[PDB]
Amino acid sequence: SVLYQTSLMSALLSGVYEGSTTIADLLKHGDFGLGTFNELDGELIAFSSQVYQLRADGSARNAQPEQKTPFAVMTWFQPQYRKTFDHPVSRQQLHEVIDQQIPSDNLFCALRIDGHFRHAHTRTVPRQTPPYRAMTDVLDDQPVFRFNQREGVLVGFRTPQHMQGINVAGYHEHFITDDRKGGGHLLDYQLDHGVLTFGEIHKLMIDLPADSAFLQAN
């Protein structure tokens, strides 16, 4: 597997909120991943080549192939490991399981959970119009949604510390409900029971765009 990254987190955070890459373009280089939509209109979650748009009101909907993204990370998911949990386990305990199995922080990880979540707390960015406010101020204003006792799917990546300028260092995880109508970017969660599948990734492709805003960003 190759982690295929569209653009750079530094470019996104600098104010480059639009790109020309479509959701269909993303699915050329993976069936699994995360990212942001143009104008920061929420975030995407993708697994088994199904893509959904998660928005600031807690909603999820099917992503359309023509929608565009300024930043995303995709892969052809090829997990090496599977662990079933029959009793409650916290996000941080699950990360401890992954980190024991893949202890080098110098590798990436892709992870998926299918199961029943005791709770899943989410906060997702709303669509932005320029001039842009500081991202931290936008996040201060966004409600946290709390999904309680819901079946659903989690998609995530673990990014090395040696990558903080380029991508989201540490764990980045998104959630969607079984009915595919709710979800968001995860702040914390606890799994009541479910199946974790995950694997390490050694290869990263960074595709730098050609739009003028990216080229002129500092």
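The numbering used is simple: start at 1 and walk along the sequence shown.
Averaged over CA atoms, B-factors in the entry run higher in 159-167 than in the other of 159-167 and 45-53. When the mean C-alpha temperature factors of 109-117 and 88-96 are read from the deposited coordinates, 88-96 comes out higher. The maximum CA B-factor among the listed residues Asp179, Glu39, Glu66, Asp188, taken from the PDB record, is found at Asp179. Among all modelled residues in this chain, the alpha-carbon of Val73 has a temperature factor (C-alpha) in the lowest third. Annotation for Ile201: CA B-factor lies in the middle third of the chain's modelled residues.
Split the chain's modelled residues into thirds by C-alpha temperature factor. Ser10 is in the highest one. Per-chain ranking of the deposited C-alpha B factor places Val195 in the middle third. Annotation for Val16: CA B-factor lies in the middle third of the chain's modelled residues.
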